[PDB]
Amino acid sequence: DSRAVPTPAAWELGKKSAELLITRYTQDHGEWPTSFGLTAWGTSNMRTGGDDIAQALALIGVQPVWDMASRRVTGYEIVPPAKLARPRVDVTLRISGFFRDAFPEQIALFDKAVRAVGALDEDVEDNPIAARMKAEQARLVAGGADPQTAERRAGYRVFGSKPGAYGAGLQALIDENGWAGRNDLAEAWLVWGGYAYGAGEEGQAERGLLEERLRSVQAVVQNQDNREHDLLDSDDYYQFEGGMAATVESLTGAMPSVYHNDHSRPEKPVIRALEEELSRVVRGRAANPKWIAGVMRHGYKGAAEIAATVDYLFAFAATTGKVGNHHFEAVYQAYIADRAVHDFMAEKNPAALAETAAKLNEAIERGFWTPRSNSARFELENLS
């Protein structure tokens, strides 16, 4: 039932997640955060009863109100600063197409709650949201806007692909490998996802506002609720979170922090930097000999999984630069320079092996991977 989202359980999860995330930000940077960017998918919030909406609401310092008997959400309440041991944090929400289609009432609740917070009389130190909204509202009025329209424009925090469309709109570009820099991905990303959603707003084109929001962002955030997929067995994670982060860098010239958080255990959510999660997946899956044993008893599908992994590794390197040499080395050593695994791929899927050795040579060229010795570089183009 959509009417009951976010749930009490999802709000506990998202309230705890938000605090661990601010703690972690303060530990990495030595100051309070003022602006996060969040990604929000449909099936994820169905499975958790609205973890991401919850989190975004706790970050801005607002809480759902439920009917005590039916447990439908009937509205929101502002957490007052009396109840806040940390500052409100500004949130910009990149929503997927399916999330747009499945959770419009929750988009409407988020949109309202954030405009409400944006209209309080709090100090800048405590409320960056209000300070941004009023200042940008001022600026649009200076240049000659109707105050009503300034309010609307300065107050959008929800952004996605246009009505009837889906995805991150990078797939054309990235697969063909026709980009000069991050700027090309960021351009395409902004184009596709630059549509605003509000209480009574149905997907206006506002690419300018999205740029203004992404310039403020200090950290990109994504929550994963299950251990069934991982950020390296699908293209979706790098497109959404890697895309956003690439865009902030194109706009600001500095790569924001990225945090890829674990909500698979709702009682204990773990915050991790993207670098840390990539590492966990390489140790626990990609380069895990038990996992590699497994996919060598699946022939074609199995060697596809291998090639795919290096693809998404490659794609994270290009969007965020948060893949190290160690990682590329690990997949080369475990996939190509293990003749057991090489031979398995040559036999059972010669395409996947050429794809693989192509993406590894592109990694050397583009500077993602400086190999252990030049022996490596010869063999890889050789094999292609």
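So that there is no doubt, residue numbering starts at 1 and follows the sequence shown.
Do the C-alpha atoms of 16 to 24 or of 361 to 369 have the higher average B factor in the entry? 361 to 369 has the higher mean C-alpha B-factor.
Tell me which of 57 to 65 and 352 to 360 has the higher mean C-alpha B-factor in the deposited entry. If you average the C-alpha B-factors of 57 to 65 and of 352 to 360, the larger mean comes out for 352 to 360.
Candidate set 132, 280, 229, 94 [ranked by C-alpha B-factor, highest]: Highest C-alpha B-factor among the listed options: 229.
Between 256, 87, 284, 200, where does the Cα B-factor run highest in the record? Of 256, 87, 284, 200, 200 has the highest C-alpha B-factor.
Residue 157, C-alpha B-factor rank within chain (lowest, middle or highest third): According to the entry, residue 157 has a C-alpha B-factor in the chain's lowest third.
Entry-reported Cα temperature factor of residue 334, expressed as the chain third it lands in: Ranked within chain, residue 334 CA B lands in the middle tercile.
Quick check for you: using the entry's CA B-factors within this chain, is residue 166 in the lowest, middle or highest third? It belongs to the middle third of the chain when residues are ordered by C-alpha B-factor.
Please place residue 140 in the lowest, middle or highest third of its chain by C-alpha B factor as given in the entry. Highest third, going by the recorded CA B-factors of the chain.
If you rank the chain by CA B-factor, which third does residue 210 end up in: lowest, middle or highest? It belongs to the lowest third of the chain when residues are ordered by C-alpha B-factor.
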